[PDB]
$ cat structure_36.cif   # mmCIF, C-alpha atoms and all ligand atoms
data_final
#
loop_
_atom_site.label_atom_id
_atom_site.label_comp_id
_atom_site.auth_asym_id
_atom_site.auth_seq_id
_atom_site.Cartn_x
_atom_site.Cartn_y
_atom_site.Cartn_z
CA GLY A 1 -33.12 10.47 -7.18
CA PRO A 2 -32.41 9.50 -3.57
CA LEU A 3 -32.00 11.80 -0.56
CA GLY A 4 -32.07 11.72 3.28
CA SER A 5 -29.94 8.57 3.21
CA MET A 6 -27.02 10.03 5.18
CA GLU A 7 -28.63 12.06 7.97
CA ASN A 8 -27.90 8.92 10.03
CA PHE A 9 -24.21 9.95 10.05
CA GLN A 10 -22.75 12.95 11.89
CA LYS A 11 -19.29 13.96 10.71
CA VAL A 12 -16.76 14.27 13.53
CA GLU A 13 -13.35 14.74 11.89
CA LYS A 14 -11.67 14.91 8.50
CA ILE A 15 -9.18 12.05 8.51
CA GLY A 16 -7.78 11.86 4.99
CA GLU A 17 -8.09 11.79 1.20
CA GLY A 18 -8.98 8.39 -0.26
CA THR A 19 -8.41 7.03 -3.75
CA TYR A 20 -11.57 8.80 -5.00
CA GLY A 21 -12.90 11.02 -2.22
CA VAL A 22 -12.40 12.55 1.20
CA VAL A 23 -12.75 10.35 4.29
CA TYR A 24 -14.38 11.48 7.54
CA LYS A 25 -14.63 10.04 10.98
CA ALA A 26 -18.40 9.93 11.50
CA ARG A 27 -20.90 8.74 14.11
CA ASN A 28 -24.00 6.73 13.16
CA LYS A 29 -26.70 9.17 14.47
CA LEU A 30 -29.02 6.23 15.29
CA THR A 31 -26.72 3.42 16.60
CA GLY A 32 -23.81 5.39 18.07
CA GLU A 33 -21.36 3.49 15.86
CA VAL A 34 -18.12 5.28 15.00
CA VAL A 35 -17.16 4.71 11.36
CA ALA A 36 -14.94 6.04 8.61
CA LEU A 37 -16.95 7.58 5.77
CA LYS A 38 -15.59 8.02 2.24
CA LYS A 39 -17.53 10.54 0.13
CA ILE A 40 -16.93 10.14 -3.61
CA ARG A 41 -18.19 13.09 -5.64
CA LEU A 42 -19.59 11.56 -8.82
CA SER A 43 -22.52 1.61 -12.66
CA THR A 44 -19.87 -1.01 -13.40
CA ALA A 45 -18.12 0.52 -10.38
CA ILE A 46 -21.27 0.09 -8.29
CA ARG A 47 -20.74 -3.66 -8.74
CA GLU A 48 -16.93 -3.72 -8.48
CA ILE A 49 -17.17 -1.81 -5.19
CA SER A 50 -19.97 -3.90 -3.68
CA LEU A 51 -17.83 -6.99 -4.37
CA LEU A 52 -15.30 -5.52 -1.93
CA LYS A 53 -18.00 -5.82 0.75
CA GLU A 54 -17.51 -9.59 0.47
CA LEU A 55 -13.70 -9.36 0.74
CA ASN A 56 -13.56 -9.76 4.52
CA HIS A 57 -10.29 -10.62 6.24
CA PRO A 58 -8.65 -9.74 9.61
CA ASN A 59 -6.10 -7.63 7.71
CA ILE A 60 -8.52 -5.82 5.40
CA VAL A 61 -10.49 -2.84 6.69
CA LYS A 62 -14.14 -3.87 6.79
CA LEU A 63 -16.32 -2.27 4.12
CA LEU A 64 -19.68 -2.08 5.88
CA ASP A 65 -21.91 -0.33 3.37
CA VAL A 66 -22.19 1.37 -0.01
CA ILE A 67 -24.71 4.21 -0.14
CA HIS A 68 -25.28 5.58 -3.65
CA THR A 69 -27.52 8.65 -3.32
CA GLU A 70 -27.84 12.10 -4.92
CA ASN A 71 -24.93 12.04 -7.41
CA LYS A 72 -22.63 11.15 -4.50
CA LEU A 73 -21.28 7.75 -3.48
CA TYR A 74 -20.58 6.83 0.15
CA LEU A 75 -18.43 4.00 1.46
CA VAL A 76 -18.94 3.19 5.15
CA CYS A 77 -15.90 1.54 6.69
CA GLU A 78 -14.88 0.34 10.11
CA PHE A 79 -12.81 2.92 11.99
CA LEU A 80 -9.26 2.19 13.11
CA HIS A 81 -7.16 4.00 15.61
CA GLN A 82 -4.27 5.32 13.51
CA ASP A 83 -2.69 5.01 10.10
CA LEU A 84 0.84 3.86 9.46
CA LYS A 85 2.09 7.18 8.09
CA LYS A 86 1.17 8.98 11.31
CA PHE A 87 2.66 6.17 13.40
CA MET A 88 5.87 6.26 11.37
CA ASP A 89 6.06 10.02 11.90
CA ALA A 90 5.32 9.57 15.61
CA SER A 91 8.15 7.01 15.80
CA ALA A 92 10.65 9.15 13.86
CA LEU A 93 13.11 9.69 16.73
CA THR A 94 13.16 6.09 17.99
CA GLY A 95 12.18 3.91 15.04
CA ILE A 96 9.48 1.26 14.99
CA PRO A 97 10.79 -1.77 16.93
CA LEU A 98 11.94 -4.44 14.51
CA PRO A 99 9.59 -7.15 15.87
CA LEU A 100 6.66 -4.78 15.24
CA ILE A 101 7.90 -4.01 11.71
CA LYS A 102 8.03 -7.76 11.11
CA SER A 103 4.53 -8.33 12.51
CA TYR A 104 3.13 -5.53 10.35
CA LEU A 105 4.86 -6.85 7.23
CA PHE A 106 3.67 -10.40 7.93
CA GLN A 107 0.06 -9.29 8.46
CA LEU A 108 -0.01 -7.20 5.30
CA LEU A 109 1.41 -10.15 3.33
CA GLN A 110 -1.46 -12.23 4.75
CA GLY A 111 -4.00 -9.61 3.67
CA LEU A 112 -2.47 -9.40 0.19
CA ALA A 113 -2.29 -13.18 -0.19
CA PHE A 114 -6.02 -13.24 0.57
CA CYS A 115 -6.78 -10.36 -1.82
CA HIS A 116 -4.60 -11.81 -4.58
CA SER A 117 -6.08 -15.29 -4.12
CA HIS A 118 -9.36 -13.59 -5.09
CA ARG A 119 -7.64 -11.83 -8.04
CA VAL A 120 -8.26 -8.46 -6.34
CA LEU A 121 -5.41 -5.95 -6.66
CA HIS A 122 -4.93 -3.02 -4.36
CA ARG A 123 -2.86 -0.95 -6.86
CA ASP A 124 -2.07 1.94 -4.51
CA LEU A 125 -0.54 0.75 -1.21
CA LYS A 126 0.70 3.69 0.88
CA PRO A 127 1.45 4.19 4.59
CA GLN A 128 -1.58 6.51 4.64
CA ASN A 129 -4.00 3.68 3.74
CA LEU A 130 -2.49 1.10 6.12
CA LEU A 131 -4.48 1.29 9.34
CA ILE A 132 -3.40 0.04 12.77
CA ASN A 133 -5.08 -0.49 16.12
CA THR A 134 -4.05 -0.84 19.76
CA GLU A 135 -4.11 -4.65 19.62
CA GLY A 136 -1.20 -4.96 17.17
CA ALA A 137 -3.23 -5.41 14.00
CA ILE A 138 -2.64 -3.64 10.68
CA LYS A 139 -5.12 -3.56 7.81
CA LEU A 140 -5.28 -2.77 4.11
CA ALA A 141 -7.66 0.02 3.08
CA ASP A 142 -8.64 2.14 0.08
CA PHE A 143 -8.32 -0.49 -2.64
CA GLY A 144 -7.81 1.06 -6.05
CA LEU A 145 -10.38 0.07 -8.65
CA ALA A 146 -9.45 -1.14 -12.10
CA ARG A 147 -12.00 1.50 -13.20
CA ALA A 148 -11.05 4.92 -11.87
CA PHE A 149 -14.16 7.06 -11.39
CA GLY A 150 -15.60 10.01 -9.50
CA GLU A 151 -3.99 16.82 -2.96
CA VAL A 152 -1.32 15.29 -5.24
CA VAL A 153 -0.89 11.61 -6.14
CA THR A 154 2.07 10.03 -4.34
CA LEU A 155 4.29 8.06 -6.74
CA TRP A 156 6.78 6.76 -4.18
CA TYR A 157 5.29 3.25 -3.97
CA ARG A 158 4.54 2.70 -7.66
CA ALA A 159 5.89 -0.45 -9.30
CA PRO A 160 8.22 0.11 -12.29
CA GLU A 161 5.97 -1.76 -14.72
CA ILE A 162 3.26 0.83 -14.03
CA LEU A 163 5.68 3.70 -14.64
CA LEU A 164 6.92 2.00 -17.81
CA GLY A 165 3.44 1.95 -19.31
CA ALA A 166 2.30 -1.63 -18.72
CA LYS A 167 -1.35 -1.78 -19.70
CA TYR A 168 -2.22 -4.78 -17.50
CA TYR A 169 -1.13 -4.91 -13.86
CA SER A 170 -0.47 -8.07 -11.93
CA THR A 171 -0.60 -8.67 -8.20
CA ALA A 172 3.17 -8.07 -8.27
CA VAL A 173 2.50 -4.32 -8.17
CA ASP A 174 1.28 -4.64 -4.58
CA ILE A 175 4.32 -6.66 -3.50
CA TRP A 176 6.51 -3.86 -4.86
CA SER A 177 4.59 -1.17 -2.97
CA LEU A 178 4.81 -3.16 0.27
CA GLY A 179 8.54 -3.71 -0.17
CA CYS A 180 8.94 0.06 -0.42
CA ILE A 181 6.92 0.48 2.76
CA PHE A 182 8.94 -2.24 4.53
CA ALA A 183 12.19 -0.41 3.71
CA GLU A 184 10.72 2.90 4.87
CA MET A 185 9.69 1.47 8.26
CA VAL A 186 13.21 0.11 8.75
CA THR A 187 15.29 3.14 7.69
CA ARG A 188 12.85 5.96 8.59
CA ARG A 189 13.18 7.44 5.12
CA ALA A 190 11.18 6.84 1.97
CA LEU A 191 13.00 4.44 -0.34
CA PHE A 192 12.11 6.12 -3.68
CA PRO A 193 10.67 9.63 -3.09
CA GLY A 194 10.09 10.79 -6.66
CA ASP A 195 8.22 13.99 -7.42
CA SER A 196 7.39 13.11 -11.05
CA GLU A 197 6.96 9.91 -13.04
CA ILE A 198 10.45 10.14 -14.55
CA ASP A 199 12.03 11.21 -11.26
CA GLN A 200 10.32 8.20 -9.67
CA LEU A 201 11.55 5.91 -12.45
CA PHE A 202 15.09 7.27 -12.28
CA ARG A 203 15.26 7.13 -8.47
CA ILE A 204 14.44 3.42 -8.73
CA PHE A 205 17.06 3.05 -11.49
CA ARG A 206 19.78 4.81 -9.47
CA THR A 207 19.34 2.36 -6.57
CA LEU A 208 18.48 -0.97 -8.25
CA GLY A 209 20.27 -0.31 -11.56
CA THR A 210 18.74 0.49 -14.90
CA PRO A 211 16.79 -2.61 -15.97
CA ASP A 212 17.80 -4.27 -19.22
CA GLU A 213 16.80 -7.47 -20.97
CA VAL A 214 19.22 -9.39 -18.70
CA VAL A 215 17.26 -8.85 -15.46
CA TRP A 216 13.87 -8.00 -17.01
CA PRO A 217 13.10 -9.76 -20.31
CA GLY A 218 10.76 -7.58 -22.34
CA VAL A 219 11.58 -4.33 -20.52
CA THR A 220 13.01 -2.66 -23.63
CA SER A 221 9.75 -3.23 -25.53
CA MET A 222 7.52 -1.64 -22.95
CA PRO A 223 5.40 1.36 -24.02
CA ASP A 224 7.30 4.01 -22.03
CA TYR A 225 10.77 2.46 -22.11
CA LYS A 226 13.38 4.52 -23.96
CA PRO A 227 16.82 3.28 -25.14
CA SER A 228 17.99 6.72 -24.08
CA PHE A 229 17.39 5.99 -20.37
CA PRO A 230 20.62 6.57 -18.42
CA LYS A 231 22.48 3.42 -17.43
CA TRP A 232 23.02 3.36 -13.65
CA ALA A 233 24.73 0.59 -11.69
CA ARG A 234 22.88 -1.31 -8.98
CA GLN A 235 23.77 -0.43 -5.38
CA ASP A 236 24.13 -3.00 -2.61
CA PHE A 237 21.30 -3.66 -0.16
CA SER A 238 23.72 -3.27 2.74
CA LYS A 239 23.67 0.41 1.72
CA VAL A 240 19.91 0.66 1.13
CA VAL A 241 18.57 -0.95 4.34
CA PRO A 242 21.52 -1.05 6.81
CA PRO A 243 19.54 -1.94 9.98
CA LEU A 244 17.95 -4.98 8.34
CA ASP A 245 19.40 -8.44 8.95
CA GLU A 246 20.29 -10.61 5.98
CA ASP A 247 16.93 -12.43 6.16
CA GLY A 248 15.06 -9.15 5.85
CA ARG A 249 17.41 -8.01 3.08
CA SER A 250 16.89 -11.14 1.01
CA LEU A 251 13.12 -10.88 1.37
CA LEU A 252 13.13 -7.18 0.45
CA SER A 253 15.33 -7.83 -2.59
CA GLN A 254 12.79 -10.43 -3.74
CA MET A 255 9.89 -8.00 -3.28
CA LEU A 256 11.76 -5.46 -5.40
CA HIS A 257 12.69 -7.70 -8.30
CA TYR A 258 12.20 -5.72 -11.51
CA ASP A 259 10.55 -8.54 -13.45
CA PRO A 260 6.98 -8.93 -12.12
CA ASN A 261 7.30 -12.63 -13.00
CA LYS A 262 10.37 -12.91 -10.73
CA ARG A 263 8.95 -10.84 -7.89
CA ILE A 264 8.01 -12.95 -4.89
CA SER A 265 4.32 -13.53 -4.31
CA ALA A 266 2.57 -12.75 -1.05
CA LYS A 267 2.05 -16.43 -0.19
CA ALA A 268 5.66 -17.34 -0.97
CA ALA A 269 6.83 -14.42 1.14
CA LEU A 270 4.89 -15.79 4.14
CA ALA A 271 7.20 -18.83 4.12
CA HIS A 272 10.39 -16.74 3.94
CA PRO A 273 12.86 -17.44 6.79
CA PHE A 274 12.54 -13.80 7.90
CA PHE A 275 9.24 -14.79 9.55
CA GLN A 276 10.37 -17.89 11.41
CA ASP A 277 10.48 -15.86 14.65
CA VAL A 278 7.57 -13.52 13.90
CA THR A 279 5.56 -12.32 16.92
CA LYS A 280 2.65 -9.91 17.45
CA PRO A 281 3.81 -6.99 19.61
CA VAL A 282 1.63 -4.11 20.79
CA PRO A 283 2.38 -0.65 19.33
CA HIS A 284 2.56 2.29 21.68
CA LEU A 285 -0.15 4.58 20.31
CA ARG A 286 -0.92 8.16 21.31
CA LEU A 287 -4.59 8.55 20.37
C1 LIG B 1 -14.46 3.31 4.19
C2 LIG B 1 -13.52 4.49 4.13
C3 LIG B 1 -12.34 4.14 3.25
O1 LIG B 1 -12.62 3.87 2.10
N1 LIG B 1 -11.08 4.17 3.72
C4 LIG B 1 -9.91 4.27 2.86
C5 LIG B 1 -9.53 5.75 3.01
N2 LIG B 1 -9.14 5.99 4.40
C6 LIG B 1 -8.03 6.88 4.75
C7 LIG B 1 -7.61 7.66 3.51
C8 LIG B 1 -6.18 7.26 3.14
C9 LIG B 1 -6.44 8.59 3.85
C10 LIG B 1 -9.76 5.28 5.43
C11 LIG B 1 -9.39 5.47 6.75
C12 LIG B 1 -10.00 4.71 7.74
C13 LIG B 1 -9.62 4.93 9.17
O2 LIG B 1 -10.05 4.22 10.07
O3 LIG B 1 -8.72 6.03 9.49
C14 LIG B 1 -8.44 6.32 10.85
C15 LIG B 1 -10.95 3.74 7.43
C16 LIG B 1 -11.35 3.52 6.12
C17 LIG B 1 -10.78 4.26 5.09
#
$ encode --input "structure_36.cif" --output "structure tokens"
Amino acid sequence: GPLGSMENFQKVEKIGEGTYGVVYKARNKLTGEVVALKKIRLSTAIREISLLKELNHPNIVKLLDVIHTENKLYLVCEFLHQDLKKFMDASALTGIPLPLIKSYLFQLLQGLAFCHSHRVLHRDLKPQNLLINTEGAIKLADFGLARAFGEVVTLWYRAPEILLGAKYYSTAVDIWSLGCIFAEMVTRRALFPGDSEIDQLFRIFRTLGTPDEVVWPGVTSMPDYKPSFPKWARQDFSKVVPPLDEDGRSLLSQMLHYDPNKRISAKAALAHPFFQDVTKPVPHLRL
């Protein structure tokens, strides 16, 4: 078995918890490069991961290297300046400026359209794995594998078809997660902050109404659907995202359609009128 493969990286800071391991800010001992290092404590996933090394896009965090040594798996990523959760917390008193929200949403839709055009799903979009830099960019990170391998799981961004037991995800799950993040940037509160699967499901139901066959054909036959679910009425989007103009509200409503077949795709969303005046502002970052 392999050893000595990682003495070329000196760990500088602990910067989060990825989808399968802890992530450090590290410094390439040899080249001086500053990177983000995911350590997965341990294949068909050795190939599914290495395919992500080819998935290069301005709005996807660059996967530089996979280092499989000594019953541990390392992912070497480019390092970005801040993640969206921290920036949202830092902007709690003022709010992220709406043009910057719109830039960030637009860029993430571009990243997803690229990912989805390659039939790659993220599966677990969260403010914590959206990374931003000083230049105005935002990038997708920590893609969830179809094969899980290797804190507490956040459920707040989970699409309802996942919660309802759907065995096969579509790209629509990522559009749902990003809609939730969009709303959270605008209102400065999480849209659906459940603390269990059923609390998550029912928080969605209380806001968007309990889905039935009318709005979601097939919902009542899903593995975890129960006829005994409470029947809540749908609230109005004027109540859910007050600061958002009608263009933003209509886009968000389309990202949160219950039926994954009705949910807007990333590429369709790019053409939505909400982006006809999109710009690329600079965040104010305290690093
Ligand atoms: C290559 C490391 C990697 O896989 N990721 C995804 C995990 N994270 C953060 C994790 C969600 C808490 C992460 C962060 C960065 C970064 O630059 O943070 C400042 C880069 C890559 C990765």
$ residues_around --input "structure_36.cif" --residues "residue A:27" --least-positions-apart "4" --cutoff "12 Å" --atoms "all atoms listed in the file" --output "number ranges by chain"
A: 6-13, 31-37, 76-79
$ write_last_selection --input "structure_36.cif" --atoms "C-alpha atoms" --output "PDB file, in the frame of the given file"
ATOM      1  CA  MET A   6     -27.020  10.030   5.180  1.00  0.00           C
ATOM      2  CA  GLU A   7     -28.630  12.060   7.970  1.00  0.00           C
ATOM      3  CA  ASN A   8     -27.900   8.920  10.030  1.00  0.00           C
ATOM      4  CA  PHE A   9     -24.210   9.950  10.050  1.00  0.00           C
ATOM      5  CA  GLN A  10     -22.750  12.950  11.890  1.00  0.00           C
ATOM      6  CA  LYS A  11     -19.290  13.960  10.710  1.00  0.00           C
ATOM      7  CA  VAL A  12     -16.760  14.270  13.530  1.00  0.00           C
ATOM      8  CA  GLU A  13     -13.350  14.740  11.890  1.00  0.00           C
ATOM      9  CA  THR A  31     -26.720   3.420  16.600  1.00  0.00           C
ATOM     10  CA  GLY A  32     -23.810   5.390  18.070  1.00  0.00           C
ATOM     11  CA  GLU A  33     -21.360   3.490  15.860  1.00  0.00           C
ATOM     12  CA  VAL A  34     -18.120   5.280  15.000  1.00  0.00           C
ATOM     13  CA  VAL A  35     -17.160   4.710  11.360  1.00  0.00           C
ATOM     14  CA  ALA A  36     -14.940   6.040   8.610  1.00  0.00           C
ATOM     15  CA  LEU A  37     -16.950   7.580   5.770  1.00  0.00           C
ATOM     16  CA  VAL A  76     -18.940   3.190   5.150  1.00  0.00           C
ATOM     17  CA  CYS A  77     -15.900   1.540   6.690  1.00  0.00           C
ATOM     18  CA  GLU A  78     -14.880   0.340  10.110  1.00  0.00           C
ATOM     19  CA  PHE A  79     -12.810   2.920  11.990  1.00  0.00           C
TER      20      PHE A  79
END
$ residues_around --input "structure_36.cif" --residues "stretch 138-145 of chain A" --least-positions-apart "3" --cutoff "8 Å" --atoms "all atoms listed in the file" --output "number ranges by chain"
A: 18-19, 45, 48-49, 58-61, 104, 107-108, 111, 121-125, 129-133, 148
$ write_last_selection --input "structure_36.cif" --atoms "C-alpha atoms" --output "PDB file, in the frame of the given file"
ATOM      1  CA  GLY A  18      -8.980   8.390  -0.260  1.00  0.00           C
ATOM      2  CA  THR A  19      -8.410   7.030  -3.750  1.00  0.00           C
ATOM      3  CA  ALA A  45     -18.120   0.520 -10.380  1.00  0.00           C
ATOM      4  CA  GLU A  48     -16.930  -3.720  -8.480  1.00  0.00           C
ATOM      5  CA  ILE A  49     -17.170  -1.810  -5.190  1.00  0.00           C
ATOM      6  CA  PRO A  58      -8.650  -9.740   9.610  1.00  0.00           C
ATOM      7  CA  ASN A  59      -6.100  -7.630   7.710  1.00  0.00           C
ATOM      8  CA  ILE A  60      -8.520  -5.820   5.400  1.00  0.00           C
ATOM      9  CA  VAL A  61     -10.490  -2.840   6.690  1.00  0.00           C
ATOM     10  CA  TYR A 104       3.130  -5.530  10.350  1.00  0.00           C
ATOM     11  CA  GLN A 107       0.060  -9.290   8.460  1.00  0.00           C
ATOM     12  CA  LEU A 108      -0.010  -7.200   5.300  1.00  0.00           C
ATOM     13  CA  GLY A 111      -4.000  -9.610   3.670  1.00  0.00           C
ATOM     14  CA  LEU A 121      -5.410  -5.950  -6.660  1.00  0.00           C
ATOM     15  CA  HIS A 122      -4.930  -3.020  -4.360  1.00  0.00           C
ATOM     16  CA  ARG A 123      -2.860  -0.950  -6.860  1.00  0.00           C
ATOM     17  CA  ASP A 124      -2.070   1.940  -4.510  1.00  0.00           C
ATOM     18  CA  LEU A 125      -0.540   0.750  -1.210  1.00  0.00           C
ATOM     19  CA  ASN A 129      -4.000   3.680   3.740  1.00  0.00           C
ATOM     20  CA  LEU A 130      -2.490   1.100   6.120  1.00  0.00           C
ATOM     21  CA  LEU A 131      -4.480   1.290   9.340  1.00  0.00           C
ATOM     22  CA  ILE A 132      -3.400   0.040  12.770  1.00  0.00           C
ATOM     23  CA  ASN A 133      -5.080  -0.490  16.120  1.00  0.00           C
ATOM     24  CA  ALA A 148     -11.050   4.920 -11.870  1.00  0.00           C
TER      25      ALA A 148
END
$ atom_distance --input "structure_36.cif" --atom1 "atom CA of residue A:1" --atom2 "atom CA of residue A:39"
17.2 Å
$ atom_distance --input "structure_36.cif" --atom1 "atom CA of residue A:115" --atom2 "atom CA of residue A:65"
18.9 Å
$ axis_aligned_box --input "structure_36.cif" --around "stretch 155-174 of chain A" --padding-each-side "6 Å" --output "JSON"
{"center_x": 3.0, "center_y": -0.3, "center_z": -11.8, "size_x": 22.4, "size_y": 28.7, "size_z": 27.7}
